[PDB]
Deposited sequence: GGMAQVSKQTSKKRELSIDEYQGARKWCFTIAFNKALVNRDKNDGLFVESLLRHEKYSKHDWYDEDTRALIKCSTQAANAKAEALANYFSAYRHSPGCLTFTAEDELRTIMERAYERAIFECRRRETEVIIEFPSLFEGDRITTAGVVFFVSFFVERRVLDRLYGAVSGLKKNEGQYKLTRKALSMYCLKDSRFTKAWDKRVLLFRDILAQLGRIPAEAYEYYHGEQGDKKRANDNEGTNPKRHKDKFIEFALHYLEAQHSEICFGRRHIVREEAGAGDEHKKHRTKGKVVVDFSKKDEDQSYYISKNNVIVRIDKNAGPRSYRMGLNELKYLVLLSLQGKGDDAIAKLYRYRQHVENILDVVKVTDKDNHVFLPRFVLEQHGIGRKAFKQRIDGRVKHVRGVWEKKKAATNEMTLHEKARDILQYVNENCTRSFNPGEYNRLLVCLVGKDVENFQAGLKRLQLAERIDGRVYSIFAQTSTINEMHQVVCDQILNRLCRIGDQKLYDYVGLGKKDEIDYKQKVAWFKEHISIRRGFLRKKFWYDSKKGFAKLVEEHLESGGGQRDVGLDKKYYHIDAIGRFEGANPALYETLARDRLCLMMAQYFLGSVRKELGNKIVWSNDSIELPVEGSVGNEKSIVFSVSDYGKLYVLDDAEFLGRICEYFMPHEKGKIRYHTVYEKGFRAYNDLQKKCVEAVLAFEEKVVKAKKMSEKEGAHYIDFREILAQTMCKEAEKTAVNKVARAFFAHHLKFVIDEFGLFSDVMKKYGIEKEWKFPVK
């Protein structure tokens, strides 16, 4: 259980993880800070306060030195325990505690209730098993950390606790596909589109399978932006960065940083079109984006982009003649413009009615959904109620502090917070008191829904229109608003549809299907069609509309994938064989009985195994020597990668048991001012021939680093030396 209890061969699971951390720190020395900041690039809200961010920026050498120390400690029989001590002082400990409390908050606030406690990373000034798992997570792919946590967790008795604890501890891991030698990003986009399309649409997964992976995210926009930029040099989409409780989202059109994220806000992007006399910039929604993709795929991209470019000219012409212009042109103009010219004004009475109906509706739905809502949703509602009853509104610090109480199921500390607001005369005794009779987030949430609905279902008074936001003093000149509007134009919904398919009776989905059937690809989605329709419910009920739209956008993504593959160098486009339901690629090695690997649609998440071609070649050659031609991924995993992993555990356990026997038999000691005995210095004191010591070191190094850089004869010699020193294992290697 404690980290001290892992001695000799029991260290093996840590040996494998930490050697991979060093394997990966040799590919990229920046991984500690990269991993700590990965999520915070996507957050307006600071993951870290200012001094924590400062510590993180300085920490690479410290963290890289600790990574090497622990790898040394876990890769030796006996190493000084000093490396397992982090003082309260320690930069790395502060960083780790902040990153971990942030990951726990991120897990808890997406749950509907707080069920479990999380393990401590430290006990006194000593790292725990959970602390060691957390430290290594920063350097390794998800699959390495899952393998470590699976070996060392005491929590697997409770599946829910095991997986939530794992979620927190693995928050900062690398994606399984993090490292590649591929230089053509069209190769990686091809794989990413295929992986996403092979994930089952969430709603269909829950119906057919609810208790391939589940699709969790819609990546249509991301893919569409990469495809439109690759096809149309005139077009460039806004990239996001955050300038540093809250940072500033800045949108720019700099391409220089390949991996920089596109700006996507509520299914809107910013497009810059460089035609004629200079660039023009628009906001474009999903609706216009998906029609632009459809038009681009059919060869009308240049024409569509010309019509978007000219859009601003039409708006500027209409703006001078709003009173007299055709009512059909009112669609391009925001409310404030039409209302300034006496078009579609509403009586304050009507504005009150619509506003109060809406806010009433919002709170009746919250009241009905309390048990299904997330802790973050419930906490935000409770905080809105307290904030709207405060003499002076929460500052960011006050808000954050109370949010942390509510998300953490700390109802005592939340109620101590209300007491402090009461003693400060910020809220009156009634507001403090309505919470006195509650002990749970759900109870508090119901009380708040009831207080708000009581306020909203009063016979309309002056206090009510202020409460629902109709009381604000607008002091901005119409002419300032018009000027702002002209530098921030958004494309009217249905614009491209009306320009190209005016008299079409075919919806978006049928237009996509007609292009797929007649366009010349003869491809369709590889997922079973039942994943895009529930036959048992009506055409328009529940998820069926959303799944039907998903079939059309997946078909767009397949055609984008077709464009990317078709665009890559013929050397690479001609080796691969892509069917509706499979990808076949050649495996290196196995000369005489040459080989290919066949990924089914359910395996497209694993196409990253192609990034280490030498390892896949040796896995097939050494674990599957008799197989020739086409091999299923499933077979490569079960007979190859799983077989390798089983052997690797036995060789690492063997090597550590060897060190223990040879250090204690030959009664060995460390140098004065050294932490462990070099494995060289241990072999130097063996009864082995040179050829035996060479092979032992090479086979050891291979299993420590997860590769196959040795020959079958050299494993023979390793196996001989283990047998000669008492440590046998059922190697099951070499293979029949």
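Engineer: May I ask you to mark the stretches of the deposited sequence that the structure leaves without C-alpha coordinates?
Structural biologist: Absent from the structure are positions 1-15, 227-239, 273-285.
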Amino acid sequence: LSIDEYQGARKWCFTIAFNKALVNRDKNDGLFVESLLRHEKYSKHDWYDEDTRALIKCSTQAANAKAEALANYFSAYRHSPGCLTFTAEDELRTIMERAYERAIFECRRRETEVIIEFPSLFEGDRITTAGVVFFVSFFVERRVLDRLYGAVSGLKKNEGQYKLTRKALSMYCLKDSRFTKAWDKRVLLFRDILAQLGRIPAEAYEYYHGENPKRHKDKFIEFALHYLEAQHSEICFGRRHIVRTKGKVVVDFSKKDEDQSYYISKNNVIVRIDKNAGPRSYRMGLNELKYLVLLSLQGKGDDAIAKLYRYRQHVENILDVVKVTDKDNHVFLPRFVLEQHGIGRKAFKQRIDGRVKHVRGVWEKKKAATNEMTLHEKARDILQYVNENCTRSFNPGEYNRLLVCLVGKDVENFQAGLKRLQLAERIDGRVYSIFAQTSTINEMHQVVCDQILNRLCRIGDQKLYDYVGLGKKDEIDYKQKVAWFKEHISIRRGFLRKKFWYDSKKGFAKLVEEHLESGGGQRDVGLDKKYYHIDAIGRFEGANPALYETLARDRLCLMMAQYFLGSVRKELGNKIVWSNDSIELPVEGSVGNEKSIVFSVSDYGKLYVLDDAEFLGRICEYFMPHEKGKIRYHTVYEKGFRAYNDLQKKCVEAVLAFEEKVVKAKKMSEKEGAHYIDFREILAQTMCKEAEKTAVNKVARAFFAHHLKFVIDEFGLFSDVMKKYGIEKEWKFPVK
From here on, numbers count along this sequence of modelled residues.
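Engineer: Please compare 672-680 with 706-714 and say which has the higher mean C-alpha temperature factor in the record.
Structural biologist: Result of the comparison: 672-680.
Engineer: Would you determine, from the values in the PDB entry, which of 222-230 and 628-636 has the greater average C-alpha temperature factor?
Structural biologist: Comparing 628-636 with 222-230, the higher mean C-alpha B-factor belongs to 628-636.
Engineer: Specify which of 395, 518, 87, 480 carries the largest Cα B factor in the deposited PDB entry.
Structural biologist: 87 has the highest C-alpha B-factor of those listed.
Engineer: Kindly indicate the residue among 593, 268, 490, 281 with the greatest C-alpha B-factor in the PDB record.
Structural biologist: Highest CA B-factor of the listed options: 593.
Engineer: Residue 461: which third of its chain by C-alpha temperature factor?
Structural biologist: For residue 461, the deposited C-alpha B-factor lands in the highest third.
Engineer: Among the modelled residues of its chain, does the C-alpha B-factor of residue 260 lie in the lowest, middle or highest third?
Structural biologist: It belongs to the highest third of the chain when residues are ordered by C-alpha B-factor.
Engineer: Split the chain's modelled residues into thirds by Cα B-factor; is residue 526 in the lowest, middle or highest one?
Structural biologist: It belongs to the middle third of the chain when residues are ordered by C-alpha B-factor.
Engineer: What third of its chain's C-alpha B-factors does residue 659 belong to: lowest, middle or highest?
Structural biologist: It belongs to the highest third of the chain when residues are ordered by C-alpha B-factor.
Engineer: Could you say whether, by C-alpha temperature factor, residue 586 belongs to the lowest, middle or highest third of its chain?
Structural biologist: Highest third.
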